[PDB]
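Heads up, the chain below is alone and in the form deposited in one PDB entry; it's given as structure tokens.
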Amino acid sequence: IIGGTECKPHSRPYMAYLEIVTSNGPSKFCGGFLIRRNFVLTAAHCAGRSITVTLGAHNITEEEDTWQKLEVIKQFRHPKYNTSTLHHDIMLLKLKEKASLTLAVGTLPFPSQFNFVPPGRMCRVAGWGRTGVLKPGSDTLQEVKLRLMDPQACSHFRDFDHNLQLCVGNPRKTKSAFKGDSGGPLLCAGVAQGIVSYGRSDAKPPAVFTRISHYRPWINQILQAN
């Protein structure tokens, strides 16, 4: 998260920290969010061999008695996910056991009614990602408020599709999601409407988030079935 603030500890108890073990060398790291006791929603590009999810964290470098670490047992990457476009950058992860509900660990279930969110709303995203181009990931969970832009502000991105993607972050500001925030939720009026997907290597906003409303059928499908 660039230009954000430190979250009030445990104030977003659905936030998931993902370690994705690919093989013998440094892991990859993503965010995500607990939408049901044994389901975490994240980005498709955070897929890998095995994934450990840490729930209940604030400072991720210091083990806490709020932590629940759970293995992922099943990955549901969106079947139409494509690396040239990064369309359908969305994935559900079924956890080995249901998380236990605590002050620090809670779900963020969707409201019954999805709706299409237009440009102009100010939404909030949280994560442990890098705080700048040359910066390491944040030890503590950060959040930032970002403006939804007209999709024309993202026309420089390949095949950007207003129906599939949100265009997020006023270009005249430095505030933005960044590397390591992948898969984290963008909440508008407290409702998850976006998933951090990608943006410019140089961190110049806007960035691209998966538009959750488009995927509401598919998500509901997988849950009502697993």
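Residues that one form lacks are left out of the comparison. Start at 1 with the first residue shown and count on from there. Take the two forms, find the largest set of C-alpha atoms that superpose within 1.5 Å, and that set is the rigid core.
The question of which stretch, 63-71 or 39-47, has the higher mean Cα B factor is settled in favour of 63-71. The mean Cα B-factor in the deposited entry runs higher for 109-117 than for the other of 109-117 and 145-153. The residue among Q165, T54, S27, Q193 whose C-alpha atom has the highest B-factor in the PDB entry is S27.
When the modelled residues of the chain are ordered by C-alpha B-factor, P9 sits in the middle third. Ranked by C-alpha B-factor against the other modelled residues of its chain, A99 falls in the middle third. Among all modelled residues in its chain, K135 ranks in the highest third by Cα B-factor. In the PDB entry, a CA B factor belonging to the lowest third of its chain's modelled residues is recorded for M15. The entry lists a Cα temperature factor for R124 that places it in the lowest third of the chain's modelled residues.
A second form of this protein, the form deposited in another entry, is not displayed here; the remarks below concern that form.
In the core-aligned comparison between this form and the one not shown, the C-alpha of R130 is the only one from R147, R130, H87, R77 that shifts by 2 Å or more. The Cα shift for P217 between this form and the one not shown, taken after rigid core superposition, is smaller than 2 angstroms. With the core superposed, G190 shows a C-alpha displacement below 2 Å between this form and the one not shown. Relative to this conformation, an increase of 3 Å or more in the Cα-Cα distance between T54 and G137 is found in that other deposited form. Between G137 and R49, the C-alpha separation grows by 3 Å or more in that other deposited form, relative to the conformation displayed. Residues present in both forms were considered; between this form and the one not shown, the rigid-core fit shows Cα displacements of 2 Å or more across three or more consecutive positions at 23-26, 130-137, 177-180.
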